[PDB]
């Protein structure tokens, strides 16, 4: 095992555990100290204003198992501190018959048991568990725990009748899944149900969704309501909130609804952020965010989706969320998005970016797997004065259109996502910032043009505004993590409406994924404009490449170049001519970003362990 990054990579599978720990590792984002992580969980803003973030965690392993809540906190979403207790950075772990198979995703009741922050989580026990298996009632249940020390530790309710687990009966037969309770308050849903509470007797101020589906018949999001205000044991099933078909797709802009939902949440937004009105705010829109499984040929069979919904009240005192339009939260290697309320009328969303080593070839050598996305403010994106000749505009696929009275312009509404401003400000202020001169891409443009200032390592951000002709067939974008021999190309092709990440040359190491990422991006053309513009922001953080377009489209992916000098960046141009020109402006490079875990040393590995021969006997966890 040579770690010489000035020459071609050897056989890196001969390298020891965690010998590649720092080589590809993000430094500017949320990530576990070591080992396996997946979904964000237990997210809440604490009483002191700081953010608590939990995550599915398996320390000292590089595959999933004994799944626990790891946790940390931050005052600005950006610089984090690990909790440290008797179980290291874990704060909830399998410990009881009802959750011994895994402490799965959960969400926070801010004023819960005895007034304390309280988590409702999926407690798993033995038996087949999965949407493609024959799962039985009891394998996935929902349980409570509360914290008296602001998330340093959690106390579970006792096991038994009238205690944990608090939700165990399947609301319908033959479920594909029954997990990921999302607890939320909703003046909107309270107002809608107020005339029917005699039918169900459920009058509490908290709702909870549980994610699942029905074998052979598509995904389901089940709605529960807290039976009585101030009491947290009894939750009453109202009915299915979202019902989709077996591998149903709303189309090219909307992924696929698969066979089962995971990590679903419910929110209400307006142009400024979170909306807490009862329906009276005409600018507010109800949204569901949700993962789906088995509706995708790649990306671990997982789509992270969202839908705008219109609520209807059923005669039995339940709610049907009718999908109005449907989109994708991130088009790349991310999943398990969670959202949570933040002071100042905000709803903040964060997901999990998995590695691109699906055959587990170099995972042990890493000594870790996974990171978070950046934290994102959700809001209703409104585009005014949109031209009716915008191609495909009235398909209204992942957006809505409202015509002006005279029919000559359109207002477009969709889900907006932008990186939280605290992170952008901290990144910029800690970086060496190069404001770059605008670049006109025409007949003289090379395929690749390095920026006039270059990054110094694998931790940087780029921004640019690409102005295209309305009938362009030119392509342009950014190349990142680039040397002569390794590079990753981010292209936008307005003619096809496709944003791609080409990774055929991303790394000399051949075991990592190299498939082309793809997102659809609608450039809403503005009335009177003779051009259309793509604002593209790119974060490069170790191996993470996280792309944002127009405060709307997100695409997270991975690149693992071996060579030490595969850190360069610049502009890409294809088919730019004297006549078909691409004007690039607002160009800026931020080199360095922020050290997100300042108390951690560079190498936080504690080694890796094997569960031994019993792992295969129990059949629950891979064991490593």
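Residue numbers count along the first chain shown, from 1.
Remark: stretch with higher mean C-alpha B factor among 604-612 and 5-13 is 5-13.
Once the C-alpha B-factors are averaged per stretch, 591-599 and 51-59 rank with 591-599 first. Between the residues 373, 147, 260, 174, the entry's highest C-alpha temperature factor is the one at 174. Between the residues 92, 167, 549, 523, it is 523 that shows the highest Cα B-factor in the PDB record.
Placement of the Cα temperature factor of residue 418 within the chain: middle third of the modelled residues, per the deposited record.
Remark: residue 468 belongs to the highest third of its chain, ranked by C-alpha B-factor as recorded. Sorting the modelled residues of the chain by their CA temperature factor places residue 101 in the lowest third. In the PDB entry, residue 112 places in the middle third of its chain by CA B-factor. Ranked within its chain, residue 411 lands in the highest third, by CA B factor from the PDB record.
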